[PDB]
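Asks: structure36.csv is reproduced below (CSV, N, CA and C atoms).
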```
chain,number,residue,atom,x,y,z
A,5,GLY,N,15.6,24.7,71.8
A,5,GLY,CA,16.9,25.4,71.7
A,5,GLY,C,17.9,24.5,71.1
A,6,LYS,N,18.8,23.8,71.9
A,6,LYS,CA,19.6,22.6,71.5
A,6,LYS,C,18.6,21.4,71.4
A,7,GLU,N,19.1,20.3,71.8
A,7,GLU,CA,18.2,19.1,72.1
A,7,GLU,C,18.2,18.9,73.6
A,8,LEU,N,17.2,18.1,74.1
A,8,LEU,CA,17.2,17.8,75.5
A,8,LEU,C,16.9,16.3,75.7
A,9,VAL,N,17.4,15.7,76.8
A,9,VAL,CA,17.1,14.3,77.1
A,9,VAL,C,16.9,14.2,78.6
A,10,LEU,N,16.0,13.2,79.0
A,10,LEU,CA,15.8,12.8,80.3
A,10,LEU,C,16.8,11.6,80.5
A,11,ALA,N,17.6,11.6,81.6
A,11,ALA,CA,18.6,10.5,81.8
A,11,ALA,C,17.8,9.4,82.4
A,12,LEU,N,17.9,8.2,81.7
A,12,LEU,CA,17.1,7.0,82.1
A,12,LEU,C,17.9,6.3,83.3
A,13,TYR,N,19.2,6.3,83.2
A,13,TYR,CA,20.1,5.7,84.2
A,13,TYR,C,21.2,6.7,84.4
A,14,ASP,N,22.0,6.6,85.5
A,14,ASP,CA,23.1,7.4,85.8
A,14,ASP,C,24.2,7.0,84.9
A,15,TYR,N,25.3,7.8,84.8
A,15,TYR,CA,26.6,7.4,84.2
A,15,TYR,C,27.7,8.1,84.8
A,16,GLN,N,28.9,7.4,84.9
A,16,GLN,CA,30.2,8.0,85.4
A,16,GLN,C,31.2,7.8,84.3
A,17,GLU,N,31.9,8.9,84.0
A,17,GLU,CA,33.0,9.0,83.0
A,17,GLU,C,34.0,7.9,83.2
A,18,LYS,N,34.7,7.6,82.1
A,18,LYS,CA,35.9,6.8,82.1
A,18,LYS,C,37.1,7.5,81.4
A,19,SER,N,36.9,8.8,81.1
A,19,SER,CA,37.8,9.6,80.3
A,19,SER,C,37.5,11.1,80.4
A,20,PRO,N,38.5,11.9,80.2
A,20,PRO,CA,38.3,13.4,80.2
A,20,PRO,C,37.2,13.9,79.2
A,21,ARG,N,37.0,13.1,78.1
A,21,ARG,CA,36.0,13.5,77.2
A,21,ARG,C,34.6,13.1,77.7
A,22,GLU,N,34.4,12.0,78.5
A,22,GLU,CA,33.2,11.6,79.1
A,22,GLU,C,33.0,12.5,80.3
A,23,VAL,N,31.7,12.7,80.7
A,23,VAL,CA,31.3,13.4,81.9
A,23,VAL,C,30.3,12.5,82.7
A,24,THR,N,30.2,12.7,84.0
A,24,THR,CA,29.3,12.0,84.8
A,24,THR,C,27.9,12.7,84.8
A,25,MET,N,26.8,12.0,84.9
A,25,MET,CA,25.5,12.5,85.0
A,25,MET,C,24.6,11.6,85.8
A,26,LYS,N,23.5,12.0,86.3
A,26,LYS,CA,22.7,11.3,87.3
A,26,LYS,C,21.3,11.0,86.7
A,27,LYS,N,20.7,9.8,87.1
A,27,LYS,CA,19.4,9.3,86.7
A,27,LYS,C,18.4,10.4,87.0
A,28,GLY,N,17.5,10.7,86.0
A,28,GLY,CA,16.5,11.7,86.2
A,28,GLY,C,16.9,13.0,85.5
A,29,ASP,N,18.2,13.3,85.4
A,29,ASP,CA,18.6,14.6,85.0
A,29,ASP,C,18.0,15.0,83.6
A,30,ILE,N,17.6,16.2,83.5
A,30,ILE,CA,17.2,16.8,82.2
A,30,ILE,C,18.5,17.4,81.7
A,31,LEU,N,19.2,16.7,80.8
A,31,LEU,CA,20.5,17.1,80.2
A,31,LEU,C,20.1,17.9,78.9
A,32,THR,N,21.1,18.7,78.5
A,32,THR,CA,21.0,19.6,77.3
A,32,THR,C,21.8,18.9,76.2
A,33,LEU,N,21.2,18.1,75.3
A,33,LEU,CA,21.9,17.3,74.4
A,33,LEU,C,22.4,18.2,73.3
A,34,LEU,N,23.7,18.1,73.0
A,34,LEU,CA,24.4,19.0,72.1
A,34,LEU,C,24.7,18.4,70.8
A,35,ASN,N,25.3,17.2,70.8
A,35,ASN,CA,25.6,16.5,69.5
A,35,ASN,C,25.0,15.0,69.6
A,36,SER,N,23.9,14.8,69.0
A,36,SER,CA,23.4,13.4,68.9
A,36,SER,C,24.1,12.7,67.7
A,37,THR,N,24.7,13.5,66.8
A,37,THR,CA,25.4,13.1,65.6
A,37,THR,C,26.2,11.8,65.8
A,38,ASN,N,26.8,11.6,66.9
A,38,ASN,CA,27.8,10.5,67.1
A,38,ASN,C,27.1,9.2,67.2
A,39,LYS,N,25.8,9.2,67.3
A,39,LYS,CA,24.9,8.0,67.5
A,39,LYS,C,25.0,7.4,68.9
A,40,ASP,N,26.2,7.2,69.4
A,40,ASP,CA,26.4,6.3,70.5
A,40,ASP,C,27.0,7.0,71.7
A,41,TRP,N,28.1,7.7,71.6
A,41,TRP,CA,28.5,8.7,72.6
A,41,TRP,C,27.9,10.0,72.3
A,42,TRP,N,26.7,10.4,72.8
A,42,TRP,CA,26.1,11.7,72.5
A,42,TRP,C,26.8,12.7,73.4
A,43,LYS,N,27.1,13.9,72.8
A,43,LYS,CA,27.7,15.0,73.6
A,43,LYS,C,26.6,15.8,74.2
A,44,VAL,N,26.6,16.2,75.4
A,44,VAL,CA,25.6,17.0,76.1
A,44,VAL,C,26.3,18.1,76.9
A,45,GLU,N,25.7,19.2,77.1
A,45,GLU,CA,26.0,20.2,78.1
A,45,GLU,C,25.4,19.8,79.4
A,46,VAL,N,26.2,19.6,80.4
A,46,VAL,CA,25.8,19.0,81.7
A,46,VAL,C,26.6,19.6,82.8
A,47,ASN,N,26.0,20.1,83.8
A,47,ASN,CA,26.5,20.8,85.0
A,47,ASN,C,27.3,22.0,84.6
A,48,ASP,N,28.5,21.9,84.0
A,48,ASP,CA,29.4,22.9,83.7
A,48,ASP,C,30.3,22.5,82.5
A,49,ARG,N,30.0,21.5,81.8
A,49,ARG,CA,30.9,20.8,80.8
A,49,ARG,C,30.1,20.3,79.7
A,50,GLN,N,30.7,20.4,78.5
A,50,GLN,CA,30.1,19.9,77.2
A,50,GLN,C,30.8,18.5,77.0
A,51,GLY,N,30.3,17.4,77.5
A,51,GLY,CA,31.0,16.2,77.6
A,51,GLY,C,30.1,15.0,77.0
A,52,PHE,N,30.7,13.9,76.9
A,52,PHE,CA,30.1,12.7,76.3
A,52,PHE,C,29.3,11.9,77.3
A,53,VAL,N,28.2,11.4,77.0
A,53,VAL,CA,27.4,10.4,77.8
A,53,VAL,C,26.9,9.3,76.9
A,54,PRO,N,26.6,8.1,77.4
A,54,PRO,CA,26.0,7.0,76.7
A,54,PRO,C,24.7,7.4,76.1
A,55,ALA,N,24.5,7.2,74.8
A,55,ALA,CA,23.2,7.4,74.2
A,55,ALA,C,22.2,6.4,74.7
A,56,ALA,N,22.6,5.2,75.2
A,56,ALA,CA,21.8,4.2,75.8
A,56,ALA,C,20.9,4.8,76.9
A,57,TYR,N,21.5,5.5,77.8
A,57,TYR,CA,20.8,5.8,79.1
A,57,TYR,C,20.1,7.2,79.1
A,58,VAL,N,19.6,7.6,77.9
A,58,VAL,CA,19.0,8.9,77.7
A,58,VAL,C,17.7,8.7,76.9
A,59,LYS,N,16.8,9.6,77.0
A,59,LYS,CA,15.5,9.6,76.2
A,59,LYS,C,15.2,11.0,75.8
A,60,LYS,N,15.1,11.3,74.5
A,60,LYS,CA,14.8,12.5,73.9
A,60,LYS,C,13.6,13.1,74.5
A,61,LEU,N,13.7,14.3,75.1
A,61,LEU,CA,12.7,15.2,75.4
A,61,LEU,C,12.4,16.0,74.1
A,62,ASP,N,13.4,16.4,73.4
A,62,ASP,CA,13.2,17.1,72.1
A,62,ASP,C,14.5,17.1,71.4
```
Go ahead and express the file in the form of structure tokens.
Replies:
Amino acid sequence: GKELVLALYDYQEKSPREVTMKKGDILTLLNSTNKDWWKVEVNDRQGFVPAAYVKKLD
């Protein structure tokens, strides 16, 4: 569908654009385009997460 990632480590936002996510989470990755702050659909929000702490499922 979109892209998906397995969360390798947790993360907690530092900004309204960033969102929190938890280690193990199958996130729905929305924009890998940014390279570094990848945008994903997570919980209820289309927010930024560190590209570091995620691994492409697809």
Asks: Which of chain A counts as strand (DSSP E) under DSSP, as an NGL selection string please?
Replies: :A and (7-11 or 30-35 or 41-46 or 49-54 or 58-60)
Asks: One number please: atom N of residue 38 of chain A to atom N of residue 9 of chain A, in Å, one decimal.
Replies: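 Taking atom N of residue 38 of chain A as the start and atom N of residue 9 of chain A as the end point, the length is 14.3 Å.
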Asks: Could you jot down the atom N of residue 16 of chain A to atom CA of residue 62 of chain A separation for me, Å, one decimal place?
Replies: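 Atom-to-atom, atom N of residue 16 of chain A to atom CA of residue 62 of chain A, that is 22.5 Å.
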Asks: Within 8 Å of segment 43-49 of chain A, counting only N, CA and C atoms, which residues show up once you throw out same-chain ones fewer than 2 positions away? Write them as a list in words, please.
Replies: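 The residues satisfying every condition are residues 23, 24, 25, 30, 31, 32, 33, 34, 35, 36, 37, 38, 39, 40, 41, 51, 52, 53, 54 and 55 of chain A.
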Asks: Residues near residue 59 of chain A, anyone? I mean within 6 Å using only N, CA and C atoms, not counting same-chain ones fewer than 6 positions away, as JSON, numbers by chain.
Replies: {"A": [8, 9, 10, 11, 12]}
